[PDB]
């Protein structure tokens, strides 16, 4: 399709693109892709045939949007900033917010190019570009939804929860929290880990691709994915000689 081809050609030529040197065609393809992300009409990853697939060209558009803009002053006084990515809600009035159907509790901020669905509550928190936050999700205080992350419907991201961004590598799927999950306070899920639907993480669960996930029912370690309905708590596995343990995640039940 139109946008994708233009973005892919611009990507190959990115060494020659700058905020002062970019064609109308390139600028417009990037802007239209960011617009589509901001409205949820495009998404960095989606679930097709029961498998999450990533659209690398959309990540390329996001990265180009950084290359095509200089930093600019934003704000005033004790809240003065300098960045090249617009915030999502600058210039919104009552009509735009009423239309979006979500709440933005001060001092929450999202970047333009993140999609926030109806009935979401953003307590003070941060939602980065490319993220998709689906209907009914609660993002609690000092939580973070990182770049490109896909948050399902009726998810609860508790206080201080971090969902790690994945813009580069281009080939890598983003971090995914599927529908109805509860992610307990202080937990972190990063690096493209997939938490499948209906799962529960206790407080303080830290998952990357390298984290051992010990399944108490089977005695086996796995990585990168929490099966649907799993209850995951922090634990540890002992060394062979008994001198120490290393922390891991433990699946204690599956519902």
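Positions refer to the first chain, counted from 1.
- Comparing 215-223 with 25-33, the higher mean C-alpha B-factor in the PDB entry belongs to 215-223.
- Taking the PDB entry as given, 48-56 carries the higher mean Cα B factor of the two stretches 226-234 and 48-56.
- When the C-alpha B-factors of 143, 96, 109, 129 are read from the PDB record, the largest value belongs to 96.
- Comparing the listed residues 148, 74, 121, 181, the entry records the largest Cα B-factor for 74.
- In the PDB entry, residue 89 places in the middle third of its chain by CA B-factor.
- In the PDB entry, a CA B factor belonging to the lowest third of its chain's modelled residues is recorded for residue 176.
- Sorting the modelled residues of the chain by their CA temperature factor places residue 157 in the lowest third.
- For residue 113, the recorded CA temperature factor ranks within the middle third of the chain's modelled residues.
- Residue 133: CA B factor lies in the lowest third for its chain, per the PDB record.
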